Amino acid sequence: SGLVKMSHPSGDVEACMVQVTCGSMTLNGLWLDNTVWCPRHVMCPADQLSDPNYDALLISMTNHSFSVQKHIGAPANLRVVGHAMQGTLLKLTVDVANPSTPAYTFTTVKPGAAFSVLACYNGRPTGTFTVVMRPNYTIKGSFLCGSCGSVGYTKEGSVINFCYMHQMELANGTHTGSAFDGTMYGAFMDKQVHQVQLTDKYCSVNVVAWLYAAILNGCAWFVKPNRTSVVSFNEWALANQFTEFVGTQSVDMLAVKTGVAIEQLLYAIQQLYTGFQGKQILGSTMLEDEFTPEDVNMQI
């Protein structure tokens, strides 16, 4: 009966992690069946990192240019028999299919959605955590050198939903990656160049869920009879760095169980954005937008 940042048990994804090496650069890869996905900037030499032509680099590559290694479980050196490019990713074909490939789809997450990340270094998973695709299409994770290729995923039912592969840290401290169709979140460029991300915004539907979790945990000092409509809140949300509140059935279940209307929490969000009264909500003196409405329904 509490709310903590929770990640899916990584036992499925650990067996899929490999180490792809192309020349002098090496990063992580995802081994599903006879396919190994890895960020395409492993082909780029350090000399041409500012103006790389990945179309020409892919042409200059042969199957022997790449080296895939499996360090976890029973080790195995994978022979690369094919190399292709899909967006900002490499689609390598290996001679051995992963015997532990879980049921998987490739789905792109929207802002506000949360997913688990398996941080890996040299093809060895070291840690796992949960991040939210921020409205500026970035994630607030913990990535070090060589973590490129770490995989973000979900599990709807018995299917692992791959949705993120770590691509780069922007030197602003900003982590970003691409979906498994190659399209980089936020249209960030692979090349090394000055890149500034858009201004971040609070995920309004995640704050409402977090407040519902506090009420379910016996913390409802912030609940007042005052209400602000969803239409009026979205107008206020424009001029104060907040996302448009779009109610879902997951939020409706929290409204019924707690008995607190959504418009009651939208008003409370405005007052809480103007500062707390010194009191804490679930051990936090700040608005927490990292818990989705489905995350709250699950943990309660």
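Residue indices: 1-based, along the sequence shown.
Give the stretch, out of 244-252 and 42-50, with the larger mean C-alpha temperature factor in the deposited entry.
Higher mean C-alpha B-factor: 42-50.
For the stretches 54-62 and 267-275, which has the higher mean C-alpha B-factor as given in the deposited record?
Between 54-62 and 267-275, it is 267-275.
Of the choices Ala171, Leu89, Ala179, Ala119, which one's C-alpha carries the largest B-factor in the record?
Of the options given, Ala171 has the highest CA B-factor in the PDB entry.
From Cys148, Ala114, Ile72, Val159, which pick has the Cα B-factor that tops the rest in the entry?
When the deposited C-alpha B-factors of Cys148, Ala114, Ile72, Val159 are compared, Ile72 is largest.
Sort the modelled residues of this chain by their C-alpha B factor and say whether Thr258 lands in the lowest, middle or highest third.
Its C-alpha B-factor, which the entry lists for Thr258, ranks in the middle third among residues of this chain.
Within this chain's modelled residues, let me know which third the CA B factor of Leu238 belongs to: lowest, middle or highest.
According to the entry, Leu238 has a C-alpha B-factor in the chain's highest third.
Could you tell me which third, lowest, middle or highest, the C-alpha B-factor of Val36 occupies within its chain?
CA B-factor rank for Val36: lowest third.
Considering every modelled residue of the chain and its Cα B-factor in the PDB entry, is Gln280 in the lowest, middle or highest third?
Highest third, going by the recorded CA B-factors of the chain.
How does the C-alpha B factor of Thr126 compare with the rest of the chain: lowest, middle or highest third?
Answer is lowest: the recorded C-alpha B-factor places it there.
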